[PDB]
Protein chains: 6
Amino acid sequence: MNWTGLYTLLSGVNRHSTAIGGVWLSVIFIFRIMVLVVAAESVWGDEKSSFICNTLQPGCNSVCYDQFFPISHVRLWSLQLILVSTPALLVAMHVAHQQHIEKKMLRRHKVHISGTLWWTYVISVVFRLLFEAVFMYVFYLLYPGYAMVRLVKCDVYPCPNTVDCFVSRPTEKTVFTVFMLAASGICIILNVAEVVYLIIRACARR
Amino acid sequence: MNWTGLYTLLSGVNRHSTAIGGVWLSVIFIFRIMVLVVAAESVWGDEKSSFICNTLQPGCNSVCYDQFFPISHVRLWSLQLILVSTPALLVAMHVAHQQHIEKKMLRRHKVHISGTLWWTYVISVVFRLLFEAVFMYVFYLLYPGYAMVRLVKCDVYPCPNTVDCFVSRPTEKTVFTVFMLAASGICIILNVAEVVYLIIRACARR
Amino acid sequence: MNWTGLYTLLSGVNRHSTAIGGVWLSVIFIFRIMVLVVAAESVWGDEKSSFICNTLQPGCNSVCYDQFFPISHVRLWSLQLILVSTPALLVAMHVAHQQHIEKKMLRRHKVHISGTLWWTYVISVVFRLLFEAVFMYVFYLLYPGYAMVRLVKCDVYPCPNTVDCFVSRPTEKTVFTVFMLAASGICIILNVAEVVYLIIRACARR
Amino acid sequence: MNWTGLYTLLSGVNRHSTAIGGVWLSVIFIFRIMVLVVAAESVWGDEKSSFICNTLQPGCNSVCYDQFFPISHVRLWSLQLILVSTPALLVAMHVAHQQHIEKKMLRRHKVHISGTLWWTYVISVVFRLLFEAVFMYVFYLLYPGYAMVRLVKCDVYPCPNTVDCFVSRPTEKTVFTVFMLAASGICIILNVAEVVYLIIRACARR
Amino acid sequence: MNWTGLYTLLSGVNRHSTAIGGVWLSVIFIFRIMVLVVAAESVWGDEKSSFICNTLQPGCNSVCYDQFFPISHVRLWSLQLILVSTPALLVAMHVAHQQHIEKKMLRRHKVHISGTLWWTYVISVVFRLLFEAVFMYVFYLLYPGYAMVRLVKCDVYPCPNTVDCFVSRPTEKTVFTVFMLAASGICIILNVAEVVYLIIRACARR
Amino acid sequence: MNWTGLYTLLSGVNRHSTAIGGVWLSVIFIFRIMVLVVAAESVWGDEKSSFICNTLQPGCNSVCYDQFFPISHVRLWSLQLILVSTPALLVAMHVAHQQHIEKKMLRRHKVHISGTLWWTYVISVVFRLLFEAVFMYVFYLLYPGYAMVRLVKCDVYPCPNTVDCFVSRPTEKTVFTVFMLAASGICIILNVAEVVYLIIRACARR
């Protein structure tokens, strides 16, 4: 967590920025990171010992938790943040290597190289948008809606009876889920707007 | 936690400051951050195992805690701090992008752009004030007053009898709640004063 | 924890220093911070599971601990450190904003502004002294003397019998309490000496 | 975790880069590091207490876990990351020492020394590729395929009966295993492409 | 933990150094810090749950541990390190304030001020030596010799019978105790040598 | 963990380097540090609760663990790393003080001082080699060979019967032991080669 390094990396100013992209996208990314960290360290936490089921035979609780919860929300959000951040750092090191090549040249074709850099930036933005969309889809597929069930009836082996049990903190997890979904949706909208602005600028150049 | 980066970000000097805003607001923000960190790591802590209820049937304690405590105070305070900090970092990266545009121009309209930056700063201050007010309202709605109840009578399923149980540390949580509320109220007052000072300056310009 | 940032902030050199103030006060502050960190992470630690009472009915131990210990020593010391540090960072960001105003002016009244800065520094020192004194008073009020009781007789509900129980580590806590009190007293003496020196300098100016 | 230091070390720009190597390889390395950290701290975690087996005789669970799981996936991935990172930091300190020798010379043969540096870079890339390949092979040898078994029948001493027991989180571990394997395969492909590009450049020089 | 800041602070070069002082003393101080950190986080650790006694009545183990171990070795070593480090940071901020006064003068008496700084450095070295000696004495007083007892017979209330119990890790603690004592003794010898060298230099000046 | 500081300290470039020493030795040192950290935090971990023995009388397990394991492998490796790092930081602060003396001189004998610095570097290298060798010897003395026993028969008091019990993770510890031993052996070979190269250079000078 550094103030100087985070701006030089997450913003992704690169060749050109629309003042509707890197700034707002970086703001939403930082908000998402902070909310995810708070959710992971505090409310989900261990999220395995807290889930307790009314049974005496050992191992029923563990297998039941995996049956009802295949992959936790925090894992999905962390994976999504990593995947979304990947194109930004990609273009950041790409620009660093481009400036290294420029300083090597110091020690027509350059215009073409810069144009290729612009194309890489555009395709990176598109890939980030697709990653966000597919992560929203997989989140919808794994969990319907937004609310979290409180009581679950368990029948898997080795649970000898249809015991019922409870989730750790339903309401806090619901609130944080709503926050994360809203932030991701705003990020998708901002990315689409940035792509449209880039298309408008390209048409204006022509 | 860095001395140099925190001032360049939290202060939000931006286009102009009234010497009644960024300095005092940043001081109160740092105090709030430190108090929240101390409260989270030390007194609330896990805040789930400590809450113990006089019952033998497993799962009664967990569901009872969620019934009485929907969302913990620490979660509300952390969410409020993130939401309040969001406009400050927003204007910080906005000014960074503006200076990037300025250095690009180096490599009438500028006055208009700077005026738009000033308007963005003003609207960011207003949004921060509204966020603080709505967080105070939701805190009041969730918990009446400031003191924390010590003994709670539990009747939810699967608690077979109306067992009664106790909170971990009532007095320390009460003190920290009072501290957090007082700091937030002072922050709201300071924000309102800054808005009034900005209005006075704008009228003086006219 | 940074060497460069801590000196530029905790020293509070500001407009003027007496070479009896910021240096010695910063030294005692750093010593207090280190001792408090050592006490919190190591000896008090969790300070809730360690406190064990001879009872079988659950919840007796928890409520008994709050009855005998309303607010822990570590919480009081951390609160005192935050409150004492608040004026120092206050004047630090105040001087940062003053130098920002100076660089803006670069891009009679200045003497008056600097005098107001000096007055703010003086009033900040006074407020720090008052905070230290009131924290010493509240520490005395909550706990008489310095030694820590070892055996406590508990009679609160739901403890069915007058069971007796023991504190985790009496002697280490006693030693750290003595250290913290001595450091705070030395800090108060140093602050009073600095105020007297400032008064002497002001009279010398007149 | 620093933005400035990580680029100057992991990129391995060295004597020359193909703009297909250090940038993409560093991106995949950072992604692998983040995924491994998330997997270690969150999903595998302790990975010993979570593995619970239906037995009452103590020590059966512990020895059974080692029988079925000789070395954990997280340990293999961390070892692989360290081994792969070793040549990169090797060439980084090698270039630092080369520039130290250059500044000493400041205070024909130089061309030969630079050529030897280029050869060291090439052999380092080859060694990194071999390390990646051998780690993939050992991962395949230890665990067949990618899916993780859920129920295991245990017969080792001192487990008096053929008790059966369950893994902590099969599906999350499966997903993270797939992620890690895909990232490593992409890294191997990129390394092979970089070696081929270096061979093409060498032939072009001749 | 920073490379640049630690040298500028712990060395205490100040007005003058004998090349037998700050360098070797800083080396031994860093070694002591590392050994203490390793001992605290790893071998002593919690050092309360590990100490287990053969009794069923609760609270016997806790009070027995305090009876036999008044203050832990790690606490004594950390206190000694803080107290020894205090004069070094004292003279460091003193020199910082002196250079601030010098830059203020830029914006006979100076020789006298520098001589007073030299006297402060000498008295700080003496105080560090006295602190080291008194800490060695208190360590000897609290624990005779160096070896750690393994079996202790406990008779304090509320232990109804003279139960006997065992320390967590005798041999590792013995080794680390020997390391810490040897390092402290070497530090005392080095401080005495530095004082003697300073006296010799002062006589040479006369 | 900083990229800039670690190179300026661990490399130990000092007066002169053979390009066979500081670079390769620093690489192996960094690898050893990373492997030790991974081994400590993950596989050995607590290494006390995991060791479980088939007994009901409390205290048998604890004393039995100390009987079979006097000092853990992780403690030996950490001690060895600290002892080996001590000469490197020694010469680093020595060179810092030498350059301070040089800047003081700026504000025949110098050749002799530089020669003494070279001799200090040589003797530091020799001491590092001796420390590595003696640590290998003590590791061999404490544990024969490399494999870790799985089942141990315990007969010490207060274990009323010759109960047998198991180590936590034999195979992972075996692998990490082999890694650590191989890295240390390579480091010894590199140190011997550096000493021989220094002798060859000294003879070449004569």
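Using Swiss-Prot numbers, chain D covers 1-107, 122-220, in order.
From the backbone N, Cα and C atoms, a Cβ is placed for every residue, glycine too.
Pulled from Swiss-Prot, these are the features on record:
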type	residues	note
TRANSMEM	D:23-45	transmembrane segment
TOPO_DOM	D:46-75	topological domain 'Extracellular'
TRANSMEM	D:76-95	transmembrane segment
TRANSMEM	D:131-153	transmembrane segment
TOPO_DOM	D:154-191	topological domain 'Extracellular'
TRANSMEM	D:192-214	transmembrane segment
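The highest tally of CB pairs under 8 A with the transmembrane segment (D:23-45), across D:76-95, D:131-153, D:192-214, is held by D:192-214. As deposited, the model skips 14 residues from D:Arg107 to D:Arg122; the distance between those two Cα positions rounds to 19 Å. Break the topological domain 'Extracellular' (D:46-75) down by DSSP state and the numbers are 12 helix, 2 strand, 16 coil. Note: the topological domain 'Extracellular' (D:154-191) comprises 11 helix, 6 strand, 21 coil (DSSP; helix = H, G, I, strand = E, B). Away from its own ends, the topological domain 'Extracellular' (D:46-75) comes close to residues 36, 39-40, 153, 156-157, 166, 168, 170-175, 177-183, 187, 191, 194 of its chain (Cβ-Cβ under 8 Å, at least six residues beyond either end).
Proximity of distant same-chain residues to the topological domain 'Extracellular' (D:154-191), defined by a Cβ-Cβ separation under 8 Å and at least 6 residues beyond the stretch ends, is recorded for 35, 38-39, 43-44, 47, 50-55, 57, 59-61, 63-64, 67-68, 70-71, 73, 76.
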